[PDB]
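What follows is one structure encoded as structure tokens, with my remarks underneath.
Read the figures in this text as sums done on the coordinates, not as results from a lab. FYI the Cβ positions are ideal-geometry reconstructions off the backbone, even for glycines, and counts take in every protein chain you see.
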Ligand SMILES: [Cl-]
Ligand SMILES: [Zn+2]
């Protein structure tokens, strides 16, 4: 999260691009949307533009360039597909623009790897109006060819637009995306809660207590009870528990973990797993998450952004 991107599709719905096995504008719009969606999920600000009305090439380019210059960005991207029956991926940049060359090299490589096509590479030019006339740093993607069956098969493989959105986002930012399908899992909220070594959900659970189970604890503070396991002090979160009344001569309190129906497990809007906005779920609730081995789980909500929880709360 922290860069600004301005991204446009090539061509106009009324002055189209290449058309053969693939439609350039159809495919380019799908890639643009995937890349935009991914960059936004990664926390960046993204503006996009698609010309639906220009009926000539010059009007289309004037409109595209004007829009980019009206919408400053760290990088400007134009998304195209190629024609001429070569095969594979290339990225154009303004000759002599070192920042653009480096982006072009990385984006081209990443896309080619996602698609499983050859990398034709980064290519320098001073002949493209888009690159010449856009004030900021600019690259022009030629994702794959519209007139090559290898390329058509590739871009139509299951989940390829997602994979290309990832490739473009990683090429632009130099950072691996969090929402990567290999690291995705589906399961459900567990029905047990931890006795922890510290008053920190990111600590080690010394022991897990199942819904409905009874245990003996001491008061500690507003949010935590304490107990000794093997003469070591450990902690359990009070909201997981039901208690009525000290009778015990030493001030021990008998508590019970809430039933599976009433227990609620936290999912937080911060990686510290502390305060902020929390979603509270009943045991058994089905969720999908990403485990990128960061020491916590990562959950994407279209409406609410990234949330996080402890490794032991989802299985
Ligand atoms: Cl004791
Ligand atoms: Zn084009």
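Full extension of the segment from residue 237 to residue 126, taken as 0.36 nm per residue of separation minus the current Cα-Cα distance, would add 33.6 nm.
Taking the longest Cα principal axis of the chain as reference, the axis of helix 98-115 is set at about 70 degrees.
If a spin label sat at a point 7 angstrom from the Cα of residue 45 along the line to its beta carbon, the backbone N atoms of segment 75-100 nearer than 17 Å would be those of 75-77. A helix-only calculation puts the chain at -7500 deg cm²/dmol for mean residue ellipticity at 222 nm, using -39500 (n - 2.57) for each DSSP H run of at least four residues, averaged over all residues.
The shape of segment 230-315 comes out prolate: with a ≥ b ≥ c from the C-alpha gyration tensor, a/c is at least 1.5 and a/b beats b/c. Relative to the longest principal axis of the Cα atoms of the chain, the long axis of helix 24-41 makes an angle of roughly 30 degrees.
Using only the Cα atoms of segment 191-262, build the gyration tensor, take square roots of its eigenvalues as a ≥ b ≥ c, and label the shape rounded, prolate or oblate: rounded if a/c is under 1.5, else prolate if a/b is larger than b/c, else oblate.
oblate
In this simple spin-label model, placing a label point 7 Å from the Cα along the Cα-to-Cβ direction at both residue 249 and residue 224 gives a separation of 3.0 nm. Counting only DSSP beta bridges whose two residues both lie in segment 1-177, roughly 20 percent are antiparallel.
Please report how far the C-alpha centroid of segment 30-60 lies from that of segment 79-136, rounded to the nearest whole angstrom. Between the Cα centres of segment 30-60 and segment 79-136 lies a distance of 17 Å. Looking at the chain, the pairs of alpha carbons with a distance over 32 Å make up 44% of the total.
Which of rounded, prolate, oblate describes segment 1-177, given a ≥ b ≥ c as roots of the alpha-carbon gyration tensor eigenvalues and a/c under 1.5 marking rounded, otherwise prolate only if a/b is larger than b/c? Judged from the Cα gyration tensor, segment 1-177 comes out rounded (a/c under 1.5).
DSSP beta bridges confined to the chain are antiparallel in about 65 percent of cases. Figure legend: label point modelled 7 angstrom from the Cα of residue 288 along Cα→Cβ; residues of segment 250-275 with amide N under 20 Å from it are 267-268.
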